[PDB]
*Asks:* 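Can you keep this structure in mind? I'll have questions shortly.
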Amino acid sequence: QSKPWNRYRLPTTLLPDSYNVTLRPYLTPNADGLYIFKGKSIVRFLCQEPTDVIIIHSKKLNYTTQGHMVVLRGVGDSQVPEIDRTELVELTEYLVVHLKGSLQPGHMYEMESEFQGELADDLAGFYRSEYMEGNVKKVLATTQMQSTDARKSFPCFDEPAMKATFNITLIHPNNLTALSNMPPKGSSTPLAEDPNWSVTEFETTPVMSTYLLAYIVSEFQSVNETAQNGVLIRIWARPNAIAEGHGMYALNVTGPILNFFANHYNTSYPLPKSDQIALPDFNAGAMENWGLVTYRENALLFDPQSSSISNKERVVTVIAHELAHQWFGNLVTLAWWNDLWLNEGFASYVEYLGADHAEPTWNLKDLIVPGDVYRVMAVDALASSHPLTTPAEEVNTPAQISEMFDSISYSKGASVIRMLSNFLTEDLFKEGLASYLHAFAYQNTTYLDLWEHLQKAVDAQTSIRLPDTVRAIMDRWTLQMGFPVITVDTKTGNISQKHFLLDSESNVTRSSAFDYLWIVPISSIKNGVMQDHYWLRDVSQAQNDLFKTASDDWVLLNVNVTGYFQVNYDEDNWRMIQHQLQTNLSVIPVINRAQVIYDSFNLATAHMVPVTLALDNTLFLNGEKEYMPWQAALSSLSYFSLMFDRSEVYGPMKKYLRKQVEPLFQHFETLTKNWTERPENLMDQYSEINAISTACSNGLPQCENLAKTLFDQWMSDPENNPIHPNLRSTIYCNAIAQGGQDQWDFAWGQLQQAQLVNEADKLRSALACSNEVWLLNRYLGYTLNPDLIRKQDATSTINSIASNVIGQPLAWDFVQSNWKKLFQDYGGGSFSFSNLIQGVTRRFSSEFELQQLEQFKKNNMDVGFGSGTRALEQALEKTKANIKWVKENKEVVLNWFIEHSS
Ligand SMILES: *[C@@H]1O[C@H](CO)[C@@H](O[C@@H]2O[C@H](CO)[C@@H](O[C@@H]3O[C@H](CO)[C@@H](O)[C@H](O)[C@H]3NC(C)=O)[C@H](O)[C@H]2NC(C)=O)[C@H](O)[C@H]1NC(C)=O
Ligand SMILES: *[C@@H]1O[C@H](CO)[C@@H](O[C@@H]2O[C@H](CO)[C@@H](O[C@@H]3O[C@H](CO)[C@@H](O)[C@H](O)[C@H]3NC(C)=O)[C@H](O)[C@H]2NC(C)=O)[C@H](O)[C@H]1NC(C)=O
Ligand SMILES: *[C@@H]1O[C@H](CO)[C@@H](O[C@@H]2O[C@H](CO)[C@@H](O[C@@H]3O[C@H](CO)[C@@H](O)[C@H](O)[C@H]3NC(C)=O)[C@H](O)[C@H]2NC(C)=O)[C@H](O)[C@H]1NC(C)=O
Ligand SMILES: *[C@@H]1O[C@H](CO)[C@@H](O[C@@H]2O[C@H](CO)[C@@H](O)[C@H](O)[C@H]2NC(C)=O)[C@H](O)[C@H]1NC(C)=O
Ligand SMILES: *[C@@H]1O[C@H](CO)[C@@H](O[C@@H]2O[C@H](CO)[C@@H](O)[C@H](O)[C@H]2NC(C)=O)[C@H](O)[C@H]1NC(C)=O
Ligand SMILES: *[C@@H]1O[C@H](CO)[C@@H](O[C@@H]2O[C@H](CO)[C@@H](O)[C@H](O)[C@H]2NC(C)=O)[C@H](O)[C@H]1NC(C)=O
Ligand SMILES: *[C@@H]1O[C@H](CO)[C@@H](O[C@@H]2O[C@H](CO)[C@@H](O)[C@H](O)[C@H]2NC(C)=O)[C@H](O)[C@H]1NC(C)=O
Ligand SMILES: *[C@@H]1O[C@H](CO)[C@@H](O[C@@H]2O[C@H](CO)[C@@H](O)[C@H](O)[C@H]2NC(C)=O)[C@H](O)[C@H]1NC(C)=O
Ligand SMILES: *[C@@H]1O[C@H](CO)[C@@H](O[C@@H]2O[C@H](CO)[C@@H](O)[C@H](O)[C@H]2NC(C)=O)[C@H](O)[C@H]1NC(C)=O
Ligand SMILES: *[C@@H]1O[C@H](CO)[C@@H](O)[C@H](O)[C@H]1NC(C)=O
Ligand SMILES: *[C@@H]1O[C@H](CO)[C@@H](O)[C@H](O)[C@H]1NC(C)=O
Ligand SMILES: NC(=[NH2+])NCCC[C@H](N)C(=O)O
Ligand SMILES: [Zn+2]
């Protein structure tokens, strides 16, 4: 019998009722330079089963309590046992209170403690964040409890299912504002011991999880709205950001998104107010703390004068995501971190629904396909993938919990939930979802509970019929990794499924309970007309006349890619689809025009079609106006650019892409009235952005000339930037590529005085587009200078230079030569040797380059490679793969491009 304090999961003998917590950050260092916070807490808990030990989480807290580390009292007239001793057990992050007798079932106890910790700049628990306002370094105090860091701010039963109410008090400088999950009780009062401090008490939370607590002390200011039901909505930011109006977009969209979700969930927003706060350099991106959601600035703030449309899209979707959680995840909470995929998958899906409500003309819901589906399919089509579900008993340590937060959890979670909603229909999905939220409000669940409530909705109607239970179907998609390729022979209507792997030689060693067979919902369109829905059962092979065609007809599966799978056809059907896209593309839904490209390039990779069939699938693009199919092509061909852009293949490739994109360029030139006005909706703006990028990077003279004119014009009038933020990255880059030290020095000046990160980013990246070796080398020479290049930007900048075909050898030489700055930046901040290595070696595709990477590896003796040790192995592995791919593909690809370029 192991001792319970040496087990990672808490006992279930004691359950918390409510906490009082008082925190007091000291935002002035103690002159050895240490920042601290002090706290006092009382937890009231109920004894379920007798026990002579109290085990509660504590991390990096020193205790100053009088006596033992806690004082223990009975509630009401309960007696309490004497404390034997209190100890801290660091490994399992416990405060352990050994008692001289047993606590008694049904009795409640209160445990009081006093403590302090470092207010570290470490983005964990209660922590400090430093930023600049003019001359002054400002310091604020804020929180990040997710996942297991509430215990770093005060002792608590720090597991998501052990919910409780919290009464938070902040003691803070009297001229700063204090925020928490709930509204303040009233005006702050002076701290009697020192009236330079004030005390702000907050209203009692609902019953909630510790990982969702938040509290913040800052000089921040807000923009406000009161919704019709009296819910107060505020956006908080740096005084200067608020004054510039950068909070207005967030405020604009928040009301509509909250309204959408209350109706979507059939459940009122469960709090009296909604605060969202933009934090400078919040590396975690955003966190859904209940009533007080935190964001990195660039995720919440928006500058209409400098921000592109894609920035706007990022703001509305991240807001929709975090707000989605205020019901799904916060009101009803998954019992344990092994079910994180459901929480994060659900939010990652409905973020598009919420954002769509706020921006109904943008067709946002479509973007889940490129954004999540095909993104996660890249990693889920590997032997090294993993099922959405993990046994709860395998997820114990804080490191194991952190591993839950990955692409599979978010993006495959989103993809499968979206599939589920689609085959249930949204109305039916919403009924079960509402039933689930009502039944489990303020409590905890597993994914099985959601399946059960969805099944209840299915059972209560007669319209939607499923081939099996919701659970049995979703089991196929959650208990085994990966996804099928569905292959159709349209001569017979034979249809098959098999586990899809990009590497046709891969060995899958992870076994599945289902032999990698799925139950697959299959929609289809024949000659542009919707067909009856079909389910492929858990069989290798089936037949249906739905998928049988005449000679002059075509069929296409997985309308709008609602289903988490990819599709192959016989060549005849492929050609018929190709001629349709050639002659009238609007018969096929825009998402499917993209699908044909996405799937066919993946199939070519996996040797299931020839690479020329994938290329053939791009031939229609010369008539394509819309964003997604072009995006499909650009994403699929970026590897071809990477392998071939230094080879004889590249001229014919550029020529073919010039041919394809010219009509699109001409279309927008007219539509935008000579580039003076952007297209109206988001998709068309995105298409314009890509069309200009593609034209300019492939050397279309008309785009090159546009880029030179605008940049000339900006240089003659530096304070009036004539280039729309949408087009800035391309126009900057192409213009600097055409120009010399005049253009380069000017853009450098503008980088030095850029007050906005997004604009600094674009300039930094464009500066790497110069075609002068000496400019790129001098630039590389700056990247280690923290004066001229922020350290957090150094590897990014080197990678951008590596990306330049002329900068490739320069960056590689520079990284090798100054590698002996591992002993200067595995200590002086983090870095990302890993991201540096991948970027600089990304192109390597010959034996000779592999010989160089091996030779570079022989500075193994000392310094080593740090956090990129694993990366350098991945680079030798990827170069081998690239060598093999280029040998296989070079001849067939060269001759296709020659043939199709005119
Ligand atoms: C968790 O925090 C709560 C808020 O501080 C505590 O409840 C408060 O206790 C206060 C002081 O004990 C009470 O305020 C006043 O106290 C004086 C003592 O001199 C009493 O006579 C007054 O009756 C009382 N004043 C008023 C206007 O009620 C509060 O009653 C009380 N606040 C509440 C209940 O909202 C909890 O006790 C504390 N929990 C634990 C376990 O200590
Ligand atoms: C929680 O308690 C810890 C242990 O008491 C504290 O960590 C200790 O900080 C000490 C004081 O800052 C350090 O001791 C010495 O302090 C003198 C004067 O400040 C320094 O000149 C010395 O460098 C330092 N001693 C040595 C050997 O270097 C300790 O380094 C450190 N002790 C341990 C065991 O980690 C925490 O400060 C305290 N935390 C908070 C937030 O209160
Ligand atoms: C938050 O929502 C607000 C209300 O919908 C938006 O306010 C709108 O800002 C528009 C963009 O500046 C304005 O449109 C036009 O602006 C120029 C200025 O000269 C002119 O073309 C037009 O005269 C003007 N619009 C019209 C219809 O004439 C609107 O003035 C304004 N609308 C309202 C109702 O005030 C905010 O833009 C929005 N904030 C963000 C960041 O999106
Ligand atoms: C946090 O504050 C709440 C609200 O004041 C406290 O809830 C009260 O609990 C007391 C003692 O159990 C009851 O007598 C009252 O009926 C409760 N009031 C309300 C409005 O619910 C709660 O006890 C506090 N938590 C702690 C640890 O003291
Ligand atoms: C809140 O009070 C503090 C102290 O009065 C102010 O912070 C000082 O500001 C000056 C410049 O204005 C700095 O040089 C000092 O070093 C600061 N003191 C400390 C201890 O940091 C602060 O400006 C006030 N803030 C507001 C919003 O009124
Ligand atoms: C949850 O949804 C139900 C069903 O839409 C809502 O109750 C219905 O409200 C409509 C609106 O006029 C009535 O016509 C129906 O008769 C109601 N049905 C029932 C069974 O009551 C309810 O308003 C929603 N609740 C929330 C909080 O959004
Ligand atoms: C975790 O959630 C479950 C529900 O999924 C909670 O169990 C419920 O407790 C409430 C209030 O005591 C009862 O009304 C229900 O009968 C329970 N439902 C069950 C047992 O299925 C459970 O209390 C939560 N766990 C913790 C530690 O709070
Ligand atoms: C379509 O599937 C059917 C199997 O249901 C295939 O036809 C069978 O092929 C086997 C293999 O020799 C014959 O022995 C069976 O008698 C056939 N079944 C029949 C005719 O009902 C057919 O080959 C498949 N067509 C494809 C894959 O294009
Ligand atoms: C496939 O996706 C398209 C969107 O790309 C869907 O078209 C939308 O349909 C909804 C509801 O009918 C309309 O409100 C939108 O205005 C449509 N948008 C566009 C751009 O046409 C289409 O309904 C989807 N097809 C299927 C079978 O689900
Ligand atoms: C996987 O096993 C098969 C032989 O059964 C082989 O073709 C292949 O080379 C093996 N390894 C890899 C990494 O593909
Ligand atoms: C092509 O098909 C579209 C959509 O089905 C139809 O509206 C249109 O008539 C066709 N366009 C032409 C030019 O025939
Ligand atoms: N990997 C993390 N722990 N990220 C924390 C961010 C929190 C939030 N749950 C999100 O998905 O944005
Ligand atoms: Zn989330």
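Indexing begins at 1, ligand by ligand and atom by atom, following the structure's order. FYI, side chains are in, hydrogens and waters are out, and symmetry mates aren't considered; it's all heavy atoms of this structure. Along the sequence shown, residues carry numbers from 1.
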*Asks:* Under a 4.0 Å threshold between the charged nitrogen and the carboxylate oxygen, would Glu130 count as salt-bridged to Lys138?
*Replies:*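 No, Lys138 and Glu130 are not salt-bridged.
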*Asks:* Report yes or no: does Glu133 have a heavy atom closer than 4.0 Å to ligand 5?
*Replies:*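 It does not; every heavy atom stays at 4.0 Å or beyond.
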*Asks:* Whether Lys137 engages the ring of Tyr131 as a cation-pi pair (distance to the six-membered ring centre under 6.0 angstrom, angle to the ring normal within 45°) should be assessed.
*Replies:*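 No, a cation-pi geometry is absent between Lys137 and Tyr131.
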*Asks:* Can you tell me the N, O or S atom of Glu344 that's nearest the Zn ion (ligand 13)?
*Replies:*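 In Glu344, the N, O or S atom with the shortest distance to the Zn ion (ligand 13) is OE1.
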*Asks:* Do the side chain of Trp197 and the main chain of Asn174 share a donor and acceptor less than 3.5 angstrom apart?
*Replies:*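 Side chain of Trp197 to backbone of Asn174, a donor-acceptor pair under 3.5 Å: no, none is there.
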*Asks:* When you compare the side chains of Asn422 and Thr562, does any donor N or O come within less than 3.5 Å of an acceptor on the partner?
*Replies:*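 There is no such pair between these side chains.
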*Asks:* Which value, rounded to 10°, describes the NE2(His321)-the Zn ion (ligand 13)-NE2(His325) angle?
*Replies:*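 Rounded to 10°, it measures 110°.
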*Asks:* Considering only heavy atoms of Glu219, which atoms of ligand 5 have at least one such atom less than 4.0 Å away?
*Replies:*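 What qualifies from ligand 5 is 22 (C), 23 (O), 24 (C), 25 (N), 26 (C), 27 (C).
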*Asks:* Centre-to-centre under 6.0 Å for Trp337 and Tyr211, is that the case here?
*Replies:*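 Centroid distance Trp337-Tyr211: below 6.0 Å, so yes.
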*Asks:* For a distance under 2.8 Å, tell me if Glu288 has an N/O/S atom near the Zn ion (ligand 13).
*Replies:*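 No, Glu288 does not qualify, because none of its backbone or side-chain N, O or S atoms lies under 2.8 Å.
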*Asks:* Would you call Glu93-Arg151 a salt bridge at under 4.0 Å N-O?
*Replies:*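 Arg151 and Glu93: salt-bridged.
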*Asks:* Restricting to pairs with a member in residues 265-287, which pass ring pair (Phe, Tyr, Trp, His ring centres under 6.0 Å), not counting sequence neighbours?
*Replies:*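 Sorted result for residues 265-287: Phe261-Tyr265, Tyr265-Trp327, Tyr269-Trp327.
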*Asks:* Between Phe405 and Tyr410, how do the two ring planes meet: parallel, tilted or perpendicular, split at 30° and 60°?
*Replies:*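 Ring orientation of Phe405 relative to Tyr410: tilted.
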*Asks:* Would you mind telling me which of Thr333, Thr210, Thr205 makes a side-chain hydrogen bond (donor to acceptor under 3.5 Å, both in side chains) with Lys163?
*Replies:*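 The residue from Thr333, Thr210, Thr205 that satisfies side-chain hydrogen bond (donor to acceptor under 3.5 Å, both in side chains) with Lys163 turns out to be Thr333.
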*Asks:* Tabulate distances under 3.5 Å between N/O atoms of ligand 6 and N/O atoms of the protein, writing both atom names on each line.
*Replies:*
unit_1	atom_1	unit_2	atom_2	d
ligand 6	2 (O)	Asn266	OD1	3.4
ligand 6	2 (O)	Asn266	ND2	2.3
ligand 6	25 (N)	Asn266	ND2	3.0
ligand 6	28 (O)	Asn266	ND2	3.3

*Asks:* Provide the number and element of each atom of ligand 5 under 4.0 Å from a heavy atom of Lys138.
*Replies:*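 Heavy-atom distances to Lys138 below 4.0 Å select 23 (O).
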